[PDB]
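# Fold and geometry: a report
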Amino acid sequence: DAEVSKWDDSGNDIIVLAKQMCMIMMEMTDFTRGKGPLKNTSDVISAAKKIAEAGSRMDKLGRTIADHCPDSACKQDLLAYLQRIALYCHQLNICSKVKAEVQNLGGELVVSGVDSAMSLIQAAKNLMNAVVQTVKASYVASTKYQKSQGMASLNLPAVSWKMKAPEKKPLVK
Amino acid sequence: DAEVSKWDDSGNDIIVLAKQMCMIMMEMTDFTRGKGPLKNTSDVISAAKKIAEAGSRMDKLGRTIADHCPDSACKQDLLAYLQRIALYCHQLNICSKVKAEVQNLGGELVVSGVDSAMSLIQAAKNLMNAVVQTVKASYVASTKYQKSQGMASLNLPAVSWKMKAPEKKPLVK
Amino acid sequence: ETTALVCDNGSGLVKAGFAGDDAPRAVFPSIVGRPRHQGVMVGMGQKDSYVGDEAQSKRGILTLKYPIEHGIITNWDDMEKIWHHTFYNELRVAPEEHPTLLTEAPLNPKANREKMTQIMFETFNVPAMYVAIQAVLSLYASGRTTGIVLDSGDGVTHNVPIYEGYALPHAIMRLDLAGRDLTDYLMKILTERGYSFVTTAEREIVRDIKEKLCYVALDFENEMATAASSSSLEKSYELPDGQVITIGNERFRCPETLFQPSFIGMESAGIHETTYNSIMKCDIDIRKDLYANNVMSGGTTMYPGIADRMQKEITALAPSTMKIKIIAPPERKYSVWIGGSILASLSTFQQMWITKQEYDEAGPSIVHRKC
Ligand SMILES: Nc1ncnc2c1ncn2[C@@H]1O[C@H](COP(=O)(O)OP(=O)(O)O)[C@@H](O)[C@H]1O
Ligand SMILES: [Mg+2]
């Protein structure tokens, strides 16, 4: 959502990756309205295999932080979301190969664009809703245990994460 | 009250500062009966942030006299009123930002003028009642210890304070 | 430099933020939900606790527990999850470089603030700490120094009478009837029409009912005579599954137990003659300045018509020459926090913290001396 839009592109390797995935998913969410670069279903399949590859690299980036974390009570909030990325990318790989061969065996009259490629948007926006909690649970695990040995070798200070303090809640109404 | 009206405008720095603050307080006093230049709530907030700045300068002027007193037995009546004007201007700064956001979020219909801006007048009446005791406790500490070295460097004689002798009490009735 | 944190960790809602501001940066409910169903998909799991806002978007598969009941922290392992959530995940600060200002109700157990001191120093490692009273901070945020504060929240309601910065601790009254005992009375009072809400996740739906349709009648025995003669008081509400319920005289019968607590089986008096029995335990010289400065705080004092009802019920008890002014600010839900941002950002307050060096020469019993 707009939480990824409240970050800056000059961050570390994880925020520059999590902002690329939201730019891919922004091409697919307006395909329900038809206001994007993806014209028909054959571009939604090529975009879903692109977000499933970028999401499979933050599984690798998140697990290096989970190995340098010394406290076993801290990784449990981080490994719970690295197992949801490993599932939602495996659905996006295989349920795009299914919709690839349905389009070839049946033609263009079978898939209708909207309300037919919505199985690829639903599996993609559930990957994005499980990728902003592995940059938030990884920001906690890299600054709460910053002074520990091993975490400082990753070179991830608290100023590298470009997240700001939240906005003031309204007092009335 | 009418004790500030009995002082002359050609005095030293503290008398001319406490004469301006009673002129601001007299603009918020008649707003409870609606006979002042401040017409709605949005002018009371600008005046309350003005009396919280002029009252924050007599905390500075009052502490140039409190440190030049030789012994610690005489400034106990001066520091007790300098700590009250430290609180009454911090309330006037923050509870003017609070009543500016309530006026901005909910609109102009939430504030009602009278019985809504009374949280700023009540915190300013207590500032004025604790700043005329700061003049009177600084007048005593400037003439009781005038001949001591350090107090004469401020150039505050007893003639500079323009406070007169009080009136005769009534004999009957 | 090193702006203090003001964490008002009340029951039912947690309001946190920075000292010197005018609005909290973090308002989320104080619940820790755990899943009660059977997970079939591999990957959904290994996450047995949702805290705050994601335990209400994902309710319906969770059982929702409140760690603070009646102002007293009952679960000390779930209260550490909310403090860990409100520093790192919600405010995005590091507690090793900010002093925090906690907040507690009056007349609580002394081992309740003895363990808040132990947790913030030995687990979160804050540099300094201070525990304040709730109803003294809602006088800072009201522009007063004299007055009597009725602070109605979710666990307790309490009156603290204060005259010129001097509190009278023998006239501090405290009720355990509060807003969460109006939710549990609304669940029982709605079964007369057929609607039965049971579960812990269905109590958050009936809590959202009382925040939208409930109000306080100015004359109760007259309002019950016009709620039965016509159908002009009924209003409809739409459940999360699409069903529409209709509520009649249960709109004013739910906040009426604050003024008649015999509806829930309590023997105590209402909040209109608890705020009067604590004035009449103060000295006679200061009673004229407490009748005119009647501050109302907290979230449960936000019903439409609780100020016009309460002026009707103290003028029937106070003598006929006293004028009674009840100060209900429009932002009175966050009044305890705003006076916490006033106090922690004060120029003369900065020698009243309980520093970490002071915590070593004493135990956790230093908080009773310094506060
Ligand atoms: N509009 C409203 N009408 C009635 N009760 C309300 C309203 N808004 C909030 N509440 C109640 O206020 C309480 C939460 O506000 P607050 O006093 O800040 O809680 P707490 O003191 O537990 O942190 C809850 O009991 C809630 O039901
Ligand atoms: Mg409260």
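Rules used throughout
- Residues numbered from 1 in each chain as written, not as in the entry; some residues may be left out.
- Chains lettered and ligands numbered in written order.
- Part of a larger assembly, values for the part shown.
- Heavy atoms only, no water.
- Helix = DSSP H or I, 4+ residues; strand = E, 2+ residues; numbered from the N terminus.
- Buried < 20%, exposed > 50% of the residue type's maximum accessible area, 1.4 Å probe, protein only.
- Contact = heavy atoms within 4.5 Å.
- Areas by Shrake-Rupley, 256 points an atom, 1.4 Å probe, with all protein chains shown as cover.
- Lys, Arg positive; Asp, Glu negative; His and termini not counted.
- Charge placed at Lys NZ, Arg CZ, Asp CG, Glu CD.
- Rg over C-alpha atoms; globule rule 2.2 N^0.38 Å.
- Pairing = 2+ DSSP bridges.
- Polar contact = N/O pair within 3.5 Å; in protein donor to acceptor, adjacent residues only side chain to side chain.
- Core = buried A, V, L, I, M, F, W, Y, C linked by side-chain atoms within 4.5 Å.

Method of determination for the deposited model, per the PDB record: cryo-EM, at 3.2 Å resolution.

Attention shifts here to the overall build of chain A. When its secondary structure is counted, chain A shows six helices and zero strands. When its helices and strands are written in sequence order, chain A yields α-α-α-α-α-α. Projected onto its principal axes, the C-alpha positions of chain A cover 60 × 45 × 30 Å. Counting the 173 residues in chain A, one finds 46% classified as buried. Sequence-distant contacts, at least 24 apart, represent 70% of the contacts inside chain A between residues at least 6 apart. Carbon and sulfur atoms form 53% of the exposed surface of chain A, whose accessible area is close to 8,900 Å². In chain A, the 23 positive side-chain charges and the 17 negative ones have mean positions that sit 5 Å from each other.

Below, the discussion takes up the overall build of chain C. Broken down by element type, chain C carries 12 helices and 20 strands. Over its C-alpha atoms chain C spans a radius of gyration of 22 Å, differing by no more than 12% from the 21 Å that the globule rule assigns to 371 residues. If one aligns the C-alpha atoms of chain C with their principal axes, the spans along those axes are about 70 × 70 × 35 Å. A buried classification covers 56% of the 371 residues belonging to chain C. At a minimum sequence separation of 6, the contacts of chain C that also span at least 24 residues come to 67%. Counting every atom, chain C has about 15,400 Å² of accessible surface; 48% of that belongs to carbon and sulfur. Once the 37 positive and 47 negative side-chain charges of chain C are each reduced to a mean point, those two points are 1 Å apart.

This part is about the sheet that holds strand β3 (residues 14-16) of chain C. All names here are of chain C. Overall, antiparallel pairing links the three strands, which are arranged β2-β3-β4 in an open sheet. The open sheet terminates on both sides in strands that have one partner only, identified here as β2 (8-9) and β4 (26-28). Direction of pairing for β2 relative to β3: antiparallel, over a ladder of two bridges. Bridge assignment links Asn 9 to a residue of β3, and that residue is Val 14.

A separate point is the side chain of C:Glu104. Residues and elements named next belong to chain C. Here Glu 104 shows up in strand β10 (residues 100-104). Within the structure, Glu 104 has its side chain in polar contact with the side chain of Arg 113 (distance 2.6 Å). Ignoring anything within four residues of it in the chain, the contact list for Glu 104 reads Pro 109, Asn 112, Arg 113, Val 131, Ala 132, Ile 133 and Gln 134.

This brings us to the sheet that holds strand β1 (residues 5-6) of chain C. All names here are of chain C. Strand order across the open sheet formed by four strands is β1-β10-β11-β20, with mixed pairing between neighbours. At either end of the open sheet lies a strand with only one pairing partner, and these are β1 and β20 (354-355). Relative to β20, strand β11 (residues 128-133) is paired through two bridges, and the arrangement is antiparallel. If you follow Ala 128 over to β20, its bridge partner there is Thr 355.

Turning to the nonpolar core, a few remarks are in order. One finds A:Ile51, A:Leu92 and C:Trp83 to be the most contacted residues of the largest nonpolar core, which totals 79 residues. Once residues within four sequence positions are removed from consideration, C:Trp83 is found in contact with C:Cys7, C:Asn9, C:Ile73, C:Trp76, C:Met116, C:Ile119 and C:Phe124. Core analysis: the second largest hydrophobic core is formed by 48 residues, B:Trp7, B:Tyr88, B:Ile121 and B:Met151 among them.

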